[PDB]
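K.L.:
Residue numbers (full-length UniProt numbering), protein chains in the order written: chain A, 67 to 129; chain B, 89 to 146; chain C, 1 to 143; chain D, 4 to 184.
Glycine residues also receive a C-beta, built at the ideal position from the N, C-alpha and C atoms.
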Amino acid sequence: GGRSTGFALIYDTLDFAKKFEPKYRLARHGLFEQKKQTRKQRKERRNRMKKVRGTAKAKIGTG
Amino acid sequence: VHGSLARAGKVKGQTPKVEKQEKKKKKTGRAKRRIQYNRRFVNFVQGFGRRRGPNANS
Amino acid sequence: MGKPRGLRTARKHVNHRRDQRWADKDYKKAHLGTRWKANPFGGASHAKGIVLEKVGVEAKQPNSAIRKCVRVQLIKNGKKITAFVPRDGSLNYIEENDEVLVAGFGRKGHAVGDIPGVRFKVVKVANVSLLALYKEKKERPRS
Amino acid sequence: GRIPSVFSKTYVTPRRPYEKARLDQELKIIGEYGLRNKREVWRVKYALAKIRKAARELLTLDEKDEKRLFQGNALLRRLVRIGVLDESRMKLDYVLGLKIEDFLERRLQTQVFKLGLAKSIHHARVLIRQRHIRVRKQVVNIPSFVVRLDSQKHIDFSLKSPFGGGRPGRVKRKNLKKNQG
RNA sequence: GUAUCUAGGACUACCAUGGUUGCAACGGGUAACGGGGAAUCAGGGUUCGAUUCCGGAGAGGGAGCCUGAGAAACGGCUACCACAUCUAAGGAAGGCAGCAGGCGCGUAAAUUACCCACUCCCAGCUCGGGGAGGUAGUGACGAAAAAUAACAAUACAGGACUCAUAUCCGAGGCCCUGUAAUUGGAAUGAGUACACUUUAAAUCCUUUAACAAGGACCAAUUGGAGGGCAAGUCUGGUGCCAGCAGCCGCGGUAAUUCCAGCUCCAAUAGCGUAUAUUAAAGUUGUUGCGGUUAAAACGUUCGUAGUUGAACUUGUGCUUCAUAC
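1. Exposed or buried, D/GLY37, counting other C-beta atoms within 10 Å across all chains shown (16 or more means buried)?
2. Going by the CB atoms, is the gap between D/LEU95 and B/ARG128 shorter than 9 Å?
3. Answer yes or no: does any C-beta atom of chain B fall closer than 9 Å to that of C/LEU91?
4. Comparing alpha-carbon positions, which option in A/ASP81, A/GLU99, A/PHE82 lies nearest A/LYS89?
5. Could you round the C-beta distance between A/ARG114 and A/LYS125 to whole angstroms and report it? I think they count as a contact, below 8 Å.
6. Below 8 Å, how does it come out for the segment 50 to 57 of chain C and the segment 67 to 77 of chain C: are there three or more Cβ pairs, yes or no?
7. Determine the chain B residues that contact D/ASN40 at a beta-carbon separation under 7 Å, and present them in chain order.
8. Applying the 10 Å Cβ sphere with the 16-neighbour rule, what's the burial state of B/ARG121?
9. Measuring alpha carbon to alpha carbon, tell me which residue in C/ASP88, C/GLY6, C/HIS31 is nearest B/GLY101.
10. Do D/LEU79 and D/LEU88 have their C-beta atoms closer together than 9 Å?
11. When burial is assigned at 16 or more other CB atoms within 10 Å of the CB, is C/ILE75 buried or exposed?
12. Thinking C-beta only, is D/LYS177 closer than 9 Å to D/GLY169?
13. Quick one: grab the DSSP three-state call for C/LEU91.
14. Nearest-angstrom Cα distance between C/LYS12 and C/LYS25?
15. Strictly below 9 Å CB to CB, what residues from chain B border D/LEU30?
16. What number of angstroms, rounded off, separates the C-alpha of D/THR113 from the C-alpha of D/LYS48?
17. Helix, strand or coil for C/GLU99 per DSSP?
18. From A/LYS85 to D/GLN141, what distance separates their C-alpha atoms?
19. Could you name the residues of the segment 54 to 84 of chain C whose beta carbon sits closer than 8 Å to any beta carbon of chain B, in the order they occur along the chain?
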């Protein structure tokens with residue numbers, strides 16, 4: 067111990083921090099945790115998308 | 089000739105079959121290196137042995 | 001007395017090497033392309049074979065010894081293979097017609113001991129590690 | 004990939020296994036430097052071979068060209084840095100007679116032993132695993148830190164070590180809760 | 001002249017009668033994608049290099065072709081052919097050598113994971129998306145690092161030590177040295193688990209509160225031990241039997257090689273098997289051998305292709321200085 071080098075990203079202000087904000091890195095102290103996909107069903111969902119025209123409302127029962 | 093192959097392992101059929109079951113499980117290798125001087129230094133003074141062997145029982 | 005020390009001669013001087021590569025009778029072991037021919041299991045390391053029968057071989061003279069040998073068939077090329085078992089006993093560890101792995105015999109392909117015509121040695125039987133069965137490390141499956 | 008891992012493989016074999024004349028000589032190295040096994044005896048012999056033949060490839064060249072100085076002195080820069088090479092052996096013909104034991108004298112296992120912290124060659128080499136050794140900011144679990152000559156003035160015990168008095172048992176501090184309690 | 005984006009026997013027609021070769025051409029053969037490159041020593045190397053890099057190629061067998069700048073594309077289509085799909089029997093669909101799976105196969109090889117934070121890319125695009133790419137579970141293929149205790153008197157034997165006495169001899173002995181399931185002092189961190197950290201999130205590594213050894217535990221072997229080749233002419237058993245064993249050879253009744261135990265050794269988290277390969281091997285050689293006979297000059301002489309070739313074909317000086325002295 068006694069030696070822990072890290073980093074600090076000192077923005078000027080909060081709204082300018084809201085301009086860059088790497089969200090998956092910001093999520094350690096994230097005030098914004100939304101949109102869990104979770105990256106497996108979505109390509110299956112998009113696979114269901116390519117056989118439906120116009121409406122895209124047959125995707126309810128499959129989740 | 090393939091007459092009889094019966095006695096294969098005959099000395100495995102005439103064993104006394106004594107075991108070990110004892111004798112003080114050893115130490116690690118660096119500690120195994122440590123003992124290799126107390127039998128090698130002063131015991132072992134290397135006098136006039138007149139064609140003697142080191143690891144002889146008798 | 002011979003050897004061609006001319007400077008501009010090299011076009012002779014590697015033709016005259018290769019014209020004498022197969023004199024050195026231990027250098028046709030792969031060069032003629034016969035490893036697929038007659039190393040009696042096909043040029044690999046070992047052989048997942050099947051046991052055929054226990055044969056009654058005899059040792060070379062002046063040594064009247066009976067090495068209690070086995071017969072093997074292979075699923076790779078399908079020929080007749082004569083192998084050899086160590087460590088007296090183990091004929092009761094054979095349990096004939098078993099899927100057997102068989103390695104060589106440690107001379108790069110010749111009759112080694114007093115044992116003629118057997119160019120192999122067993123190391124495995126029945127996928128259950130033949131070596132540790134005399135010391136009883138592994139339990140032998142019977143059926 | 005890419006570049007998986009370069010070989011650089013140590014554990015160099017002996018070309019003859021059972022020579023008695025090397026059999027007695029290796030154990031004298033363990034008779035002073037009580038190493039873990041014979042592979043580490045190779046490991047410093049692995050090191051000097053990089054010093055031997057490479058410097059020997061300089062000797063077949065003549066003075067004065069660049070590489071006999073450039074790769075020449077930078078060897079000697081590092082060779083006097085590690086502390087086996089003194090000032091009187093400055094030239095490259097003075098370095099090939101360097102024996103194997105000078106690198107062994109610089110070893111962290113015995114540099115704490117020739118210093119007054121260890122008082123035994125086997126009380127020395129056991130303390131590095133339990134990390135009661137500090138060099139100026141850092142504790143080292145590795146016994147093969149083998150020290151450069153400037154790093155002699157700074158080698159000592161740790162602050163989190165029981166010497167000098169940080170969690171002095173600490174298993175022994177629970178031991179007073181057992182026998183007195 | 002045609003086509004072709006363009007050279008052009010690319011190809012039609014007319015014309016000439018040629019390109020090629022013992023300086024191994026054309027022919028077949030390869031368990032042959034080239035290459036950057038990989039492994040071993042004194043060089044010269046001989047082996048290979050499927051496989052992250054680069055380049056050329058294929059998406060079952062083959063072949064045409066749309067669209068576009070750009071495929072002869074196959075996670076586009078078409079045929080046939082192979083092997084398999086569904087069907088109400090009228091029809092429709094098919095390539096995992098993309099990923100993870102099974103099946104078969106053979107000695108022979110991983111989760112039906114997570115994530116776009118990294119690196120790049122895609123477009124209308126800061127924003128979308130990418131089993132690219134990252135991470136984890138798998139892995140003794142590997143490479144690197146390094147835990148099996150450390151310290152104490154007595155002890156029990158050897159020695160120095162002081163000294164009696166010396167072909168003898170002991171005591172003051174004893175820094176030492178061993179054996180001590182004698183006695184310890186117990187030094188401790190793997191395990192262990194708060195919290196922490198790192199992360200997309202999580203684990204793991206580092207940090208770490210609480211945990212943590214009188215061993216029986218927190219427990220290393222694998223192979224040997226006649227000679228090569230390192231180290232019991234120990235014991236029991238066995239009697240040319242069973243075996244052993246790379247080779248040399250040991251077993252034929254008092255076994256240094258077998259089967260056990262015994263101790264000893266080896267390297268050590270690695271040992272072993274077999275299998276190809278280089279070194280050893282100056283036993284594939286120009287360096288680097290051999291030809292009297294140990295394996296070995298065509299019986300012969302000319303003789304081209306080969307390959308190697310004499311000599312002779314502008315200089316020492318002369319004077320001076322930088323310059324050693």
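P.N.:
Reading off the structure:
1. Residue 37 of chain D sits at position 34 when you count from the first residue of the fourth sequence. So D/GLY37 counts as buried.
2. Taking the first residue of the second sequence as position 1, residue 128 of chain B is located at position 40. Taking the first residue of the fourth sequence as position 1, residue 95 of chain D is located at position 92. No, the Cβ-Cβ distance between B/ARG128 and D/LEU95 is not below 9 Å.
3. Taking the first residue of the third sequence as position 1, residue 91 of chain C is located at position 91. So, interface residue.
4. Mapped onto the first sequence, residue 89 of chain A falls at position 23. Checking every option, the nearest Cα to that of A/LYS89 belongs to A/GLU99.
5. Your numbering for residue 114 of chain A matches position 48 in the first sequence. Your numbering for residue 125 of chain A matches position 59 in the first sequence. Taking a contact as a CB-CB distance under 8 Å, the pair A/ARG114 and A/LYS125 counts as one, their CB atoms being some 6 Å apart.
6. Between the segment 50 to 57 of chain C and the segment 67 to 77 of chain C there are three or more C-beta pairs closer than 8 Å, enough to call the two in contact.
7. Here residue 40 of chain D corresponds to residue number 37 of the fourth sequence, with the count starting at 1. Per Cβ cutoff of 7 Å: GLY117.
8. Translated into positions along the second sequence, residue 121 of chain B becomes position 33. B/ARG121 counts as buried, since no fewer than 16 other beta carbons sit within 10 angstroms of its beta carbon.
9. Position 13 of the second sequence, counted from the first residue, corresponds to residue 101 of chain B. Cα-wise, what sits closest to B/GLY101 is C/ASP88.
10. The residue you call residue 79 of chain D lines up with position 76 of the fourth sequence. The residue you call residue 88 of chain D lines up with position 85 of the fourth sequence. In this structure, D/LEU79 sits near D/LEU88, with a CB-CB distance shorter than 9 Å.
11. Residue numbering aside, residue 75 of chain C sits at position 75 when the third sequence is read from its first letter. It counts as exposed.
12. As a position in the fourth sequence, residue 169 of chain D is number 166, starting the count at 1. As a position in the fourth sequence, residue 177 of chain D is number 174, starting the count at 1. The Cβ-Cβ distance between D/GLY169 and D/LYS177 does not fall below 9 Å.
13. Counting from 1 along the third sequence, the entry for residue 91 of chain C is found at position 91. When DSSP states are grouped into helix, strand and coil, C/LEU91 belongs to the coil group.
14. By 1-based counting over the third sequence, the position of residue 12 of chain C is 12. By 1-based counting over the third sequence, the position of residue 25 of chain C is 25. Near 23 Å, if we compare the C-alpha coordinates of C/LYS25 and C/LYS12.
15. Locating residue 30 of chain D in the fourth sequence gives position 27, counting from the first residue. The answer, in chain order, is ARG121, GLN124, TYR125, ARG128.
16. In the fourth sequence, counting from the first residue as 1, residue 113 of chain D sits at position 110. In the fourth sequence, counting from the first residue as 1, residue 48 of chain D sits at position 45. Pairing D/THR113 with D/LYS48, the inter-Cα distance amounts to about 18 Å.
17. As a working mapping, residue 99 of chain C is identified with position 99 in the third sequence. Correct three-state label for C/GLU99: strand.
18. Start at 1 with the first residue of the first sequence, and residue 85 of chain A comes out as number 19. Start at 1 with the first residue of the fourth sequence, and residue 141 of chain D comes out as number 138. Cα-Cα distance, rounded: 41 Å.
19. Residues are counted here when their Cβ sits less than 8 Å from a Cβ of chain B; for the segment 54 to 84 of chain C these are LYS54, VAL55, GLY56, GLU58, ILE66, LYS68, given in chain order.
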